[PDB]
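See structure below.
Note that we place each Cβ from the backbone using ideal geometry, even for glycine, and neighbour counts take in every protein chain shown. Please treat every number below as a calculation from the coordinates, not as lab data.
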Amino acid sequence: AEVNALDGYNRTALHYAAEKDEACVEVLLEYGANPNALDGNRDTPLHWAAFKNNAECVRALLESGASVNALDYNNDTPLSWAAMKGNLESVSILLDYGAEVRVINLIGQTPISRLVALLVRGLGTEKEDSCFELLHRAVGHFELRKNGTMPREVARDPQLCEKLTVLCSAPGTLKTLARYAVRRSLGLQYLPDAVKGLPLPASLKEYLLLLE
Amino acid sequence: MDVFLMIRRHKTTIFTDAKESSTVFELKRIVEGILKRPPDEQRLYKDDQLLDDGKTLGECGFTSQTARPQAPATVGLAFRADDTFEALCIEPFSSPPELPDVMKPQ
Amino acid sequence: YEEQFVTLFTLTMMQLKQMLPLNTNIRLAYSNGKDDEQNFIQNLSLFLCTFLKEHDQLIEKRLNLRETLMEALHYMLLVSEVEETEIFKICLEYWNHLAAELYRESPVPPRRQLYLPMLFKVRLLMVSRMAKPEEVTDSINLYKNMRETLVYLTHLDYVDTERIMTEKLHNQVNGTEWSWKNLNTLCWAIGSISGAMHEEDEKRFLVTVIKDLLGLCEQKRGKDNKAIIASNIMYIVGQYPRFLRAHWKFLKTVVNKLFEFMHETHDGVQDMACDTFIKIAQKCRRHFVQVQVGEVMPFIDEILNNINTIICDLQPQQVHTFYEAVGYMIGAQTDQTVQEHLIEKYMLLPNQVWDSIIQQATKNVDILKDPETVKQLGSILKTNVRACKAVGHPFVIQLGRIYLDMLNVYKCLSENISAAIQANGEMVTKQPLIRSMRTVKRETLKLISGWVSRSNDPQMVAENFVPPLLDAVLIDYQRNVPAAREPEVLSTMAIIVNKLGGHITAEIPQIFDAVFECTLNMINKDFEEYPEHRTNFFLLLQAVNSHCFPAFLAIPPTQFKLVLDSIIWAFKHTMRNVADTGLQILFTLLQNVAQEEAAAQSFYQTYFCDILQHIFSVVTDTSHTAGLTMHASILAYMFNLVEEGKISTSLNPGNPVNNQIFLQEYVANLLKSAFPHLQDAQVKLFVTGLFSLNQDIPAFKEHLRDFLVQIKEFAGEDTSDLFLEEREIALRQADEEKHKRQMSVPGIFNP
Amino acid sequence: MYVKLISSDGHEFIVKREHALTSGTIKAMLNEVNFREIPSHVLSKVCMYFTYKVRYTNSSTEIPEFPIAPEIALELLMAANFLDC
Ligand SMILES: *[C@H](CC(=O)OC(C)C)n1cnc(-c2cccc(Cl)c2)n1
């Protein structure tokens, strides 16, 4: 079959496999489905796997050379789609492949902004809180004050507004800034295997992976 | 606005801050507070270029956007010995080690 | 003859296989076939549905038929593909029957394993094409039937139901199935599930669905798509008040979002917004008055602070819905003092407008002759009415503020109406200014009736409220031209009497002297010329009779005679409701008059032979046989009263012969003149039965039934309608059993 | 007032005490401190970090990014671990 052929919806079969199950994704990638294949909006199979939170499908795609920072016409990365649902497993997998957290879509939203929005709407379980913690570790530091002011929705939630404003107003520890610079230098590769060769204490090797 | 400076001489380095409207003379007064060397026997250099104590740091070319905390303006310092000024000497910070291959640019 | 039914199906099913192979697209065949083909498909659907409804058990038992039955069920799915309302409805009835069967079997069992391996196909189908709920008849019918079918299927397997809906929602977010129709139908199905799942699974499911829908609301651009999506969201959320109570911050977000939609202008979004807001406030009312976890102040106070902004753009009926919703919230504050301050802040804006208008009126009453002034008074009173309805009794604090001014306005408007009529004739009615003043009058009476019906201090109402109301209203009602008589006056008087029983009794004479004779001559001709005044008049009469019978004794005897005459006319009336209320009033009066036997003898001697004549007239006419048992009961009552000797009198007019010996002659006379063909021996037998069963009300009813049945048999007329009163109750019994059944299953009834 | 930090290659950096106490390890350990294991190119950057962390603590304005060269990042990470910053 012309595995890279677009159907009439102009989606690749890999866009369906990434939404259903990792066995199909593996079959299509093994038969040379383009992991960067672009649908009618450009969104790759990896964006859909992240949005479906198909953690093992996201893995099976990234491990076969999907562009972890692929961009759609909005310039949403797959992390910008995982983070809008706060779904922890796919965010963690993307960050282990060095997905960039400091991305901004053309609307102007970063993944952290989208997650803070989800938390302000009170749909956040402990899973969203863990995801926000993981992103705050990954980013090193973030800012949400626009004109010194939290986005108007956040101001509706005083406990979250105080937490975020204090997190913003701290310059961040030098340790986490070093962690970010190291992760940035390792770049688009499987971090929890690239770090193993580094000359570091093993506790810092684990810290670089955001596990601490 | 603010200025953040590193004053350097041989092995020594002083971090300090000053107003742009301040003058090199009170910077020398700070040097006095730290090293107890009278102002007349210390001279200060902007690049390989010397200055006048009176001039305000602003006209020395220091500026807030020039002299961020995270990247201060370097100022050279020298003293008299036997009532004669030493040549300006500053040891480079030891060069960083080789960047590991796993970290090398793509 | 089980085997006959089995062989009939098996051989006909065999023959049907040669007709339609299972691979055939039945919907396509229906679309392209000649009319004979549509008829054939419809008859197949009817055959399968009715057979299985009766004998699925039979084919379930004959295990050797298992797969052939399974094959028939495959056709059942294919015929369910048909969209034609009637065939689809037949299939839906079969699926409803089956889902009820399997929910009964267990709310796996030995049989359910037959269907379960593909009932998910029924699920998918049912969810795919759900009929429109009243998201805003055949509609209600299909909607209800399918709601129960889907709730049953979910209670049978929650996991696959949630899976299917989340898959279809993703395929909407995917765009692969994006279409306004498919989104609407899917969100209808999601809302129709409401309450069938456990609260934790409901929480998970709605968290996923809300995240998906908010993602789609970001992805889709264009106001049209945005609005359809917004509406589906508001629907789903309104239907799940439990989830909103479990997630205070989400509720707060939803409410603020609705107050954003109240300033939108796209089509019906503002109406959907207000409807969802009121649907929430009714059900979450307590959460808005509690100080929730981490709140500094209760959200109700924020809403009343923002109120002036929130409604800046709403239409009048939308403003009324908003004020009603807030009324429901304030109605949860149990602290009388705090609720007082809430009510004062709440009504502050209407109170300000009212005060302004009243101040202009006292400066010059001429301001009342102004369409804007009267329309603002109308809308103000509409808001007050809705507030009173929602808040209940404590709204008295507001009512006592405006009460006297309100009646003064009422008085002035009545003068204008009277002046207009006397100036320009009765046609002035339906003139828009006249319609406006009449609307203000109706709203005043609706407000008073609402509060008094909700009030619970009869002494306070009788002291402070009633006397000004009666002064303002009664003489106005009397002297006005009939078109200028609001029937709401009668309703308000009825409500006051129903509440202030005894305390109002001193007023009943002036009430009747003002309204009775004036209104009766508007009503006692034909019908349809004043149906509202008629209905409210009989409601007034029944209320006053039941609570204040002594006023009939205190009322002057001429008007009491007129009352009796009106009751005689009423139950003699042809229309079911008029007849029934006449009978009820008559029986109530007869029960009352046996108490307080003072002047009861004059009553009996005056009215019994006339009442008795009219009741036997209507009985022998059999006009409304639906009254027969009531007739029997009241007939038995007199035959008790006379046989107990309560008459204590020679009731024969002015004559020595004692009661009962006269009455049996009177009834013989009327029966013989009714039925000259009926023998005196039969008269004696019948009347003996009457004076034997007078305490045996069911036997008395059966005896009367029999004697009328045999009159019809002599006439050769239909007897069966005499029995309507029986089968109606049997029908009602079945309906109540159905209703009682539905309460056993969560989610069939709306929250 | 001032506190003197010595690098392993013997450079001597003088900093304001209020800044130096930004380091937890400095706070525990102390007007002179001698580091046996930190090279001058790292420790100078660490003192830049102290000045930055002071000047932008509880910042109303948006905090500018701290520039780390990738070569010194790997040794700055350890030095910030040991110094508990
Ligand atoms: C849709 C965005 C929108 O504004 O629609 C326009 C006005 C037609 N949308 C995003 N989020 C919501 C939402 C969230 C919670 C509760 C409700 Cl009722 C709506 N709608």
Listed by chain and number, the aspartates and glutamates with an alpha carbon less than 18 angstrom from that of C:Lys53, same-chain partners under 8 positions apart left out, are C:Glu2, C:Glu3, C:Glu71, C:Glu86, C:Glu93, C:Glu101, C:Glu105, C:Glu148
Nothing charged except the Cβ atoms of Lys and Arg (+1) and of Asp and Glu (-1): what's the magnitude of the dipole of the range C:1-105 about its Cα centre? Round to the nearest 20 debye. 180
Please go through the residue pairs C:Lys168/C:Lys211; C:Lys525/C:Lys572; B:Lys36/D:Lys53; A:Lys52/C:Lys257 and name each one whose alpha carbons sit more than 20 Å apart in this structure. B:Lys36/D:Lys53; A:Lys52/C:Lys257
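Across the residues of D:56-64, average count of Cβ atoms on other protein chains within 10 Å?
Shielding by partners across D:56-64 averages 5.
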Show me A:181-193, B:85-97 ranked by packing, highest mean number of other Cβ atoms within 10 Å first. A:181-193, B:85-97
Using the basic label-point model (7 angstrom from Cα toward the beta carbon), what is the B:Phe79 to C:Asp366 distance in nanometres? 10.3
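What's the extension gain from C:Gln459 to C:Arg401 if we count 0.36 nm per residue and subtract their Cα-Cα distance?
Result: 19.0 nm gained on full extension.
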Ranked by how many other beta carbons lie within 10 Å on average, peptides C:6-19, C:602-615 from highest: C:602-615, C:6-19
Apply the Debye scattering formula to the protein assembly as shown, with a single equal point scatterer on each alpha-carbon and no solvent, then give log10 I(q)/I(0) at q = 0.04, 0.06 Å⁻¹. -0.42, -0.80
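Could you give the length gained on full extension between C:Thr309 and C:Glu665, defined as 0.36 nm per residue of separation minus the Cα-Cα distance, in nm?
120.2 nm
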In range of the label at A:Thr125: residues from the range C:240-257 whose backbone nitrogen is under 15 Å from the point 7 Å along Cα→Cβ: C:247
Pair C:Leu348, B:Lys11: separation of 7 Å Cα→Cβ label points (nm): 7.5
Round to the nearest 0.05 the FRET efficiency obtained for C:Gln679 and C:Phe527 when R0 = 41 Å and r is the Cβ-Cβ distance. 0.55
Which of the peptides C:684-691, C:579-586, C:321-328 is most tightly packed, and how do the rest follow, going by the mean number of other Cβ atoms within 10 Å of each residue? C:321-328, C:579-586, C:684-691
Among A:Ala17, A:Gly148, A:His136, whose Cα sits farthest toward the positive end of the charge dipole of chain A (+1 at Cβ of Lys/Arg, -1 at Cβ of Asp/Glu, about the Cα centre)? A:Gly148
Hey, got the Cα dimensions of chain C along the principal axes, in Å, largest first? 93, 82, 50
Work out from phi, with θ = phi - 60° and the Karplus expression 6.51 cos²θ - 1.76 cosθ + 1.60, the ³J(HN,Hα) of each residue of the range A:133-148, listed in order in whole Hz, and give x for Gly and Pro. 4, 4, 5, 5, 5, 5, 7, x, 8, 9, 10, 10, 4, 10, 6, x
Per-residue ³J(HN,Hα) for the range C:427-436, Karplus 6.51 cos²θ - 1.76 cosθ + 1.60, θ = phi - 60°, Hz, x for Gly and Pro: 4, 2, 3, 6, 5, x, 4, 5, 4, 5
About its Cα centre, the range C:457-596 carries a charge dipole, from +1 on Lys and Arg Cβ atoms and -1 on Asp and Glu Cβ atoms, whose size in debye to the nearest 20 is 360
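When you look at the Cβ of every residue in C:686-697, what mean number of other chain Cβ atoms sits within 10 Å?
The shielding value for this peptide is 0.
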Can you show me the helix-derived [θ] at 222 nm for chain C, built from DSSP H runs with n ≥ 4 at -39,500 (n - 2.57) apiece and divided by the number of residues, rounded to the nearest 500. -25000 deg cm²/dmol
Calculate how many DSSP beta bridges within the protein assembly as shown are antiparallel, expressed in % of all such bridges and rounded to the nearest 5. 70
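What average count of beta carbons from other chains do you get within 10 Å of the Cβ of residues in A:143-150?
2
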If eta is 1.002 mPa s and T is 20 °C, what Stokes-Einstein diffusion coefficient results for chain A, Kirkwood Rh from Cα pairs, in µm²/s? 119
Mind listing the phi-derived Karplus ³J(HN,Hα) values for the range C:387-395, rounded to whole Hz, using 6.51, -1.76 and 1.60 with θ = phi - 60°, and x for any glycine or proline? 4, 4, 4, 6, 6, x, 2, x, 4
Mind putting a number on the dipole of the protein assembly as shown about its Cα centre? Charges go on the C-beta only, +1 for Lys and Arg and -1 for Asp and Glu, and I need it in Debye to the nearest 20. 1960
Rounded to 10°, Cα long-axis angle of helix B:24-35 versus longest principal axis of chain B: 80
Name the residue from C:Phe120, C:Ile280, C:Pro557 whose Cα lies farthest towards the positive end of the charge dipole of the protein assembly as shown, charges +1 on Cβ of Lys and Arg and -1 on Cβ of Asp and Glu. C:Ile280
The local net charge around B:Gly33, scoring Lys/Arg +1 and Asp/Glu -1 for residues other than B:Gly33 whose Cβ lies under 12 Å from its Cβ, equals +3
Which distance in nm do the two modelled labels at B:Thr56 and C:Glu93 give, with both placed 7 Å along the Cα-to-Cβ direction? 9.7
Give, in nm to one decimal, the length gained when the segment between C:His263 and C:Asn577 is fully stretched (0.36 nm per residue of separation minus the Cα-Cα distance). 108.4 nm
5 angstrom amide H check on B:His10, placed H, neighbours 5+ away: B:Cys89, B:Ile90, B:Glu91
DSSP beta bridges in chain B, what fraction antiparallel, as a percent rounded to 5? 75
